[PDB]
Amino acid sequence: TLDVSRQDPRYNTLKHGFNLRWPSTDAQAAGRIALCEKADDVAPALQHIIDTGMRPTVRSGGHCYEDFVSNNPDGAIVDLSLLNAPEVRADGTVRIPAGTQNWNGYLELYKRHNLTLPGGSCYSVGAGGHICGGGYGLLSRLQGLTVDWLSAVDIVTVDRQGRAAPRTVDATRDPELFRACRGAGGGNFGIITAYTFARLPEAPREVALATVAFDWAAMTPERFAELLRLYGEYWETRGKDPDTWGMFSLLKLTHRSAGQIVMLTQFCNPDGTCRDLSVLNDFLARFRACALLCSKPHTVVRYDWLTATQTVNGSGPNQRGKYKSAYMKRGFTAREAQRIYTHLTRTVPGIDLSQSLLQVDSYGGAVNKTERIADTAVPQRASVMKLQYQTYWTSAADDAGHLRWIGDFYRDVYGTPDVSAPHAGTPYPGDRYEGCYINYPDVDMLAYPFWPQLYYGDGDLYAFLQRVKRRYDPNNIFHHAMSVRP
Ligand SMILES: *Cc1cc2c(nc3c(=O)[nH]c(=O)nc-3n2C[C@H](O)[C@H](O)[C@H](O)COP(=O)(O)OP(=O)(O)OC[C@H]2O[C@@H](n3cnc4c(N)ncnc43)[C@H](O)[C@@H]2O)c(*)c1C
């Protein structure tokens, strides 16, 4: 372990992660970062921190949207980012240590055994937060969530007597903690050192990437509603069919100041080839090219899968971000389409909303296996679209404008009629929505006493997680603004 305290030249860099908002103040910053050099460092590093009464937060790839890692006033960040070399065995079993970044992981899994894991696209996201939060990406309609493949988890927990020790959890060993590690989100129960997979799916051989853009200059409320109708009605119907599960679409409903709305679709057949583009052609044909809604000319480019996966792996700039999430079981209502149009066309004097957007992901397919409700901590297994509201900016001086823009936008979309008065402002689970995604955490939801039901559903999961919390972190060593409460 390397100790990076405030005397160390690395401190100013290592006190933060990807989102430059955190820590908000120097007072809130960690006093030190414990950079673990091997898995065997983790329990002793943790033991040293808690033995002094200091609080640990936990970092792997640093991508947390919220202050969960970096807001730890004069505490210790236990950093597992150097624990990054996957083990891909000749028998196809895989171990992904927590610091493995998504793209490095895809390269290793692909080259060593023609395997992949259906997680996120961003190159720099770490396994540690990503997988236990229920990570998904462009292959998840085909192959399900990252957590749907997990066979075992190596985790350091702290017992009632305050002793940190490694354990391995799986279907028969601490099975309730295993289930919690399959989606509940990080920084809750202990420090995951590695994820084990008895089997992974084969990497696809070939994909097509289709880009369809729409000029904002021509985008009326009616054309915008037609775009949302065509897209959402597809995922609610045809997109449930298995022959479509290799198709994954990102509709970037940009703020008007971005100039264009962009839809990026990846496609393979279920067998991982592009032997038949019919499903993609049929999907794209719903979006008529100009040369009433009409698009810029469609671009469809074929790649081998690894090459496409590299070309889409960007993380965007290192800057300030605010994010929100919603799971949709249905197409857009006319009221949703109108409220979204309102906020995407709203001018806010003194701030640049050109990087801001509502992203609407195709969802469901192989995710939507109800047997995973009982053995994972991802209860949202009936959604057809997954939404990520995003605003990005450079300067702390502009925080208030950006937070207000995205806060008002979200509250309005999920307001009265489509949502009950008691839950208004949230995509509360029911006939229309399935709530929120813990890997896109939103501390604005702490304003609502029912925030745990947004993330963990209206059923018994949160109480289950509270029981795991009492059993495996009885001292509440591991916490943050949205951690499972004892
Ligand atoms: C920055 C970023 C995030 C993205 C991106 N694209 C995603 C995508 O395509 N699919 C997704 O499903 N999610 C995407 N996300 C969001 C990420 O999934 C989340 O931001 C992950 O939680 C990030 O994980 P990581 O990079 O490890 O982030 P940290 O900030 O280190 O920790 C997050 C969270 O988890 C806890 N924690 C970290 N490490 C551990 C370990 N080893 N054990 C337990 N708990 C751990 C932290 O306490 C914190 O709560 C694309 C981009 C650009």
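Numbers and lists here come from the model and the stated rules, or from a named source; these are not laboratory values. All Cβ positions, even for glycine, are placed from backbone atoms using ideal geometry, and neighbour counts span all protein chains on display.
Worth a mention:
- Taken together, the residues in region 291-346 that are farther than 30 Å from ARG432 by Cα and out of contact with any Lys or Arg (no Cβ under 7 Å at 6 or more places or on another chain) amount to 23.
- Within region 448-486, the set of residues being over 21 Å from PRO73 (Cβ atoms) and in contact with a strand residue (DSSP E or B) (Cβ under 7 Å, 6 or more places away or on another chain) comprises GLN453, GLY457, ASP458, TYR472.
- Among the residues of region 63-97, those that are among the aliphatic types (A, V, I, L, M) and either in a loop (DSSP other than H, G, I, E, B) or more than 10 Å from the ligand (Cβ to nearest atom) (or both) comprise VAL69, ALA76, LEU80, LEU82, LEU83, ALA85, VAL88, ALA90, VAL94, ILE96.
- Exactly one residue out of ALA39, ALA43 is surrounded by fewer than 23 Cβ atoms within 10 Å (Cβ to Cβ) and within 12 Å of the ligand (Cβ to nearest atom): that is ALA39.
- Whenever a residue of region 280-304 is surrounded by 14 or more Cβ atoms within 10 Å (Cβ to Cβ), its partners that are aromatic (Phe, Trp, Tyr), lying with C-beta atoms within less than 6 angstrom and at least six residues away or across chains, give the pairs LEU280/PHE267; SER295/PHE214; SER295/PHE287.
- Within the span defined as region 47-62, one or more residues are in contact with an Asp or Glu (Cβ under 6 Å, 6 or more places away or on another chain) and either outside the structural domain of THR193 (by CATH) or not in a loop (DSSP other than H, G, I, E, B) (or both).
- Qualifying residue in region 6-27 (condition: hydroxyl-bearing (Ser, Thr, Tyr), assigned by CATH to the domain that holds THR168 and touching a helix residue (DSSP H, G or I) at 6+ places or on another chain (Cβ under 9 Å)): yes
- Checking each residue of region 102-112 against the condition of being of a type outside the set (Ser, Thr, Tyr), more than 23 Å from the chain's Cα centre (by Cα) and assigned by CATH to the domain that holds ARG6 gives at least one match.
- Subset of region 455-476 [under 24 Å from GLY119 (Cα atoms) and either part of a loop (DSSP other than H, G, I, E, B) or under 15 Å from the mean Cα position of the chain (by Cα) (or both)]: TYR455, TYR456, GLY457
- Selection within region 376-416 - surrounded by 20 or more Cβ atoms within 10 Å (Cβ to Cβ), farther than 20 Å from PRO349 by Cα and aliphatic (A, V, I, L, M): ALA377, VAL378, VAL384, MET385, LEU387, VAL413
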